[PDB]
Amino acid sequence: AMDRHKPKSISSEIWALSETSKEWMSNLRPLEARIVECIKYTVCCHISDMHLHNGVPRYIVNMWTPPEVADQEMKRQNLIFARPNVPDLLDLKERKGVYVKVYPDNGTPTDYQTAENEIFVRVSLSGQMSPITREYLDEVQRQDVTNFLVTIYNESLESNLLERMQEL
């Protein structure tokens, strides 16, 4: 139904997959929230894309999977966490749970305390990365994530979309 509103920079399949999520639907600004949620997903895909550890994908992406499935994954890997929300990714190399946060943001996100087995990737819409994020992500990951963010940021400046997302 909202298809006319999909940014060019979001893939059709990610946009379609986002219909399985009630999160953006619960927001008072649902289109803006849906775009941000798709940005978050896309960032998870760039972090994980073709990155291997011991010959197989380094990461398990839990975002947009059922929490009971993510729990199966966490139990099978013995990577267990105690937040209400499950990590967005499991990093099987570092043995960490990864949470991704997107800041509609002129500015660089600030790092705040996490548990020892957690990493919080914190990125702005304008392509900025928190200090802990920049250190955690490798050069290829930083490039892939930032090039995507800058692409959608620059698309959003061509309409009222960036301003609207800043109104989240």
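Each residue number is its position in the shown sequence, starting from 1.
In this entry, the higher average B-factor at the C-alpha atoms falls on 63-71, of the pair 137-145 and 63-71. Stretch comparison (51-59 versus 33-41) by mean CA B-factor in the PDB entry places 51-59 on top. Taking only the listed residues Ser130, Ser26, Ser126, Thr114, the entry reports the highest CA temperature factor at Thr114. Among all modelled residues in its chain, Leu92 ranks in the middle third by Cα B-factor.
Sort the chain's modelled residues by C-alpha temperature factor and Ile80 lands in the middle third, per the entry.
Among the modelled residues of its chain, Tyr99 has a C-alpha B-factor that falls in the lowest third, as given in the PDB entry. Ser156 sits in the middle third of its chain by CA B factor, as recorded in the PDB entry. In the PDB entry, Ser18 places in the lowest third of its chain by CA B-factor.
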